[PDB]
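Please find one structure pasted underneath; my questions will follow.
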Amino acid sequence: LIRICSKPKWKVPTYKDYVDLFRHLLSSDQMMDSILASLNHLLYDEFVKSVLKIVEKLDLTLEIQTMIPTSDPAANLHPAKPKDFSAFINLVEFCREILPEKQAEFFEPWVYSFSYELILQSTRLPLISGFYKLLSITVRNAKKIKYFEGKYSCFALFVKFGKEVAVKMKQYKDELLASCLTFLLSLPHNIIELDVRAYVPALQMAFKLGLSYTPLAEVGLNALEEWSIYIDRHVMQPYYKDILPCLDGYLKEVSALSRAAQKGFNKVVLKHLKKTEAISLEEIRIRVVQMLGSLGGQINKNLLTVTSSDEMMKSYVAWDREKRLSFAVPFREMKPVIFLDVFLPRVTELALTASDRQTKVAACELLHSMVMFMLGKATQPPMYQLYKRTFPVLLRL
Amino acid sequence: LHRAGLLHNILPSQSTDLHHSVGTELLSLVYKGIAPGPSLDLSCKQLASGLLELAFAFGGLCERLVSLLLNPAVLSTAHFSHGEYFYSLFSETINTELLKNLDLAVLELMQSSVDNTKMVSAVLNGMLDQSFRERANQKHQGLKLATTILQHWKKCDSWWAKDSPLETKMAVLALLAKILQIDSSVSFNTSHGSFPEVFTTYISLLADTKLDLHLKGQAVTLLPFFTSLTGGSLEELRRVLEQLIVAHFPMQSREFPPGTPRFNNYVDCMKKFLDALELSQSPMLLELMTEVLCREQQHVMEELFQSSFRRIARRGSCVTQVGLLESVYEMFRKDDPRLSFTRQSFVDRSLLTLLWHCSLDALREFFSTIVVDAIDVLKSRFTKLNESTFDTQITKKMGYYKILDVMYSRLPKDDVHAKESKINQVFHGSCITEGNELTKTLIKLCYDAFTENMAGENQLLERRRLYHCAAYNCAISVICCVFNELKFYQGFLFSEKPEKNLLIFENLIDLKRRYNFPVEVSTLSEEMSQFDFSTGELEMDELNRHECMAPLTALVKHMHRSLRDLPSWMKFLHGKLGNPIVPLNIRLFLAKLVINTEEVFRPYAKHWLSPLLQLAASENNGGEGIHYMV
Amino acid sequence: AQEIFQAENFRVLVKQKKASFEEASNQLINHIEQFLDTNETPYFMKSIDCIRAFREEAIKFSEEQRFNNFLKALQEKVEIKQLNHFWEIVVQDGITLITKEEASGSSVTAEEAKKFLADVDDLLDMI
């Protein structure tokens, strides 16, 4: 662990190919020792003790380095001992692929401890992901095996920490927030049916933050699926008119193999294919409609009862009462007058939300040009109502 | 409560012995509970560790704990230790109680050394790596327990004696390496620890011809702790190292195929010697290592030796630097009847590296020591009636020329030009006579070399050729650091006179060796340290290899940046390349030299086409010709 | 078808045992020559032990020509070089040719030991 978690011409693969080794050390085990003369349990327990040891001694704390960030994760996103930090990271993914499974009976006694000190560290090391990720691993292992049929000490621990992290999460940005959300939406929660009004913002932020980060969409989908299929079908109902309407935006060359295929097919395509897991968004939409029909038509109508218009009308109204920004595009002899307003909304939202670097750059250049245009135009037309629309986007940009 | 000290007036001992009955019963429970009457978990271990922490929080109980560690009872299981298991199970709270009170835990532990040697070694080693682990804020118990387990070394004595189990000798070597690594550099003087009785152990484990080579390779890592000794003890240690070398080392060279079960042992022992020597900048380690190195045509590990010497010289502590320099120097300068080849090897591949990589930024020390001891031998006159002494004088003169070359190539100009102290000791003592006195004396005696004719000389021809080459290299180095502004490079290094058979290039070039010329050519790296602790240019083909091509090319490029043709280097080499009556090899050499210095001969193109062209085009070149040279 | 499918311990051992001969003699000659080239006293005791072993094996293997040729060669070498220390350590013990009858074997006292071993100048100041 200490080494293969420390590895960050000569080529150095870091940890991603130690993984199958360790999986066969414990899981693919009866198929390799049968030629010899159990070890699965001992090695799993040793791996968990060792990872607990490393978490105990890594000094994962952070220090501020030379404004005033309100973001608690800030320039402070800089550990004191970066080699330790990278070691913890290699640790978190290594455990993540070593511990989705092999829990058939092995993780049964480790849940309470593993949790308890992950909560303890993550409470004094709050803004350090991977703690959350190990928590989500251990809670999903506590979910595969049942472990939550009512021990009760860890139940109260998870309840209190779920509440605390769900309230602290409303500050966290991309990687931290993603780890927190995957944690929260991995509680069994067919066992915590209670206070479901505090776990809904963590599912609509894991839906809204989807559409770009597919595994967050996947965790949101499994969350909603479990909440539908196992929670009681009278309290899950009032919390459909605000959990489906955030799920609507989802519903919107010459290689070696090619040369081998061109030159007949004699053992060359075989070797070329023999030489050669992010979820696909299309399958995400497929599952959205699948469970959208699987949840009925009684429940279903809430997908589009958001308000039928709440703030997209702010994008569907005239930014100004009467048009300004008359721009005479100069041809040879005629010079006709176009209006920049009409496409100012689409440009100003292409600048912010583009998901396309070339389109983003073009849109930002247009907002620059149009901003200068509109500050010029009033210099020689009362026009502040479009400043009121366009400064809240200059500051965002 | 124990943090508040109210552990006894809230839980007492009865009208019994001064020991705490509660602690005794708790510790007995923890000892015989994990024993069968079994099963184990992590929470149980957390309890039991807290339980025995409580047990030790009462009072002393330490001698009882130790007696439990050495208790030789046997627990059967298909029957391993029954007393070690209690240790390895906890192994951390145990050892932080033993390090709670020193001088008694260690004493009571080592007292039964001959009885439970496995157990006493295990517990002492655990105490050691426990204390090494906590040195960041507590590098105090480490020193105390190291010194304390040294103060009783005469008790743990049967371990290193002769005909012991040849597993406890290396066990005590590992323990002893641990001890020395913990404490400071203290165990050598005025019997700080047990000076006599601990050296006797090192000398004995590195002495007797019943141990192995890897065992002493482990042993020769104590050396960086023990090379700072002095006359008696250091002389004895150097003696025993020398019998090690004579008794287990290959006699002059490899003579071992790579893979036989001597070559691997030899390379292991040698590299351990070498990295020890790179740790402790110890002169006599250089004596031994150069001695073995410069004793064959070319050692197998030459590059290792050279990198080691590069580190050695590059250390600081200039007095130690000068000591290494003077040590290898005196190893060469001495009148020992050594072979000429070996003696000249001493300077070639041992002390030139040390001189190149560190002497001093404005050095005086070594050169000032050797000025009027090497000048006088350069002025010495040969006696061509005996092969041996003549050869040795040639080799020593060559070496002195090479050393002067190194200083003049490295030492800045001023502290050899100006009215100095580094210089003023060839003539009239350190008085202010004229300045630049040894510049001109060395110039005379060097130019008089490599220009002395060889008509009547038919005894040692290759050696004298190398003598001339080294002299000429020394000359080139000094002239690059003479005033060197006007036509100085011409009178010497060039412009000889064949009236009385002065031939620079004819004599240093071989002229009878037929060149072949083939056609073409941190808090987690710390836990690395605790596991460490508790475990143990050009194409140098056939005529760039002439010991004058690289110096001559550097000199030519230097003259390019220093001021038809130019008087006697453009023109004298021009006229020695032109006519095909000059012997072939000089002409090949000058072609090589002009090739490597092409950038110099770009303004002089119109002069420099005829002789190169006729050298390529002529038919004089042997074999199928100088084809890659063409 | 039927025709296509139907170190010192090793040196001590070398000095002791050798299938061939006069090659070990040559290699030990080279070894002692290089040992005498250097001047470590342990190598001097090495040489004296080696010559003692050679004398013992010559006596125990019916051979004297090698012994006397080796003795003559080493005597000439010490005479022509500066190996006074080597000769001193040899005469401290005493090594001499066969003195019985100048042949293989006899029962005569040793007497051979006592009977044989009792212009350019102007170029300078232009600066």
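By Swiss-Prot numbering, chain C shows 550-555, 595-706, 724-732, in order.
Quick check of the header: electron microscopy, 3.3 Å.
Backbone N, Cα and C define each Cβ position, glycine as well.
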Can you tell me which of these residues Swiss-Prot lists as SUMO2 cross-link: C:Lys606, C:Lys688?
C:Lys688
Out of C:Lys665, C:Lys702, which one does Swiss-Prot list as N6-acetyllysine?
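Among C:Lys665, C:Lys702, the residue Swiss-Prot annotates as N6-acetyllysine is C:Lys665.
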Look through C:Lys648, C:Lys669 and state which residue has the annotation SUMO2 cross-link in Swiss-Prot.
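The residue tagged SUMO2 cross-link by Swiss-Prot is C:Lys669.
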Looking at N6-acetyllysine as annotated by Swiss-Prot, pick the matching residue from C:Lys605, C:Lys660.
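Candidates were C:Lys605, C:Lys660; Swiss-Prot attaches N6-acetyllysine to C:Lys660.
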Which one is it: of the recorded positions C:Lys660, C:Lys665, C:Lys669, whose Cα lies the shortest distance from the Cα of C:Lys688 (SUMO2 cross-link)?
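Checked the recorded positions C:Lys660, C:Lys665, C:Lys669; minimum Cα distance to C:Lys688 (SUMO2 cross-link) goes to C:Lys660.
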Quick one, of the recorded positions C:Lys660, C:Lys669, which Cβ has the fewest other Cβ within 10 Å?
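Relative to the other recorded positions in C:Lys660, C:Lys669, C:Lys660 has the fewest Cβ atoms within 10 Å.
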10 Å Cβ neighbour count around C:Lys665 (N6-acetyllysine)?
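For C:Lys665 (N6-acetyllysine), the 10 Å Cβ neighbour count is 15.
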Would you list the recorded positions among C:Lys665, C:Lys669, C:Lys688 that come within less than 8 Å, Cβ to Cβ, of chain B, in the order they occur in the sequence, writing 'none' if nothing qualifies?
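Answer, by Cβ distance to chain B: C:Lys669.
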How many whole Å apart are the CA atoms of C:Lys669 (SUMO2 cross-link) and C:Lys660 (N6-acetyllysine)?
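Between the Cα atoms of C:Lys669 (SUMO2 cross-link) and C:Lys660 (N6-acetyllysine), the distance comes to 14 Å.
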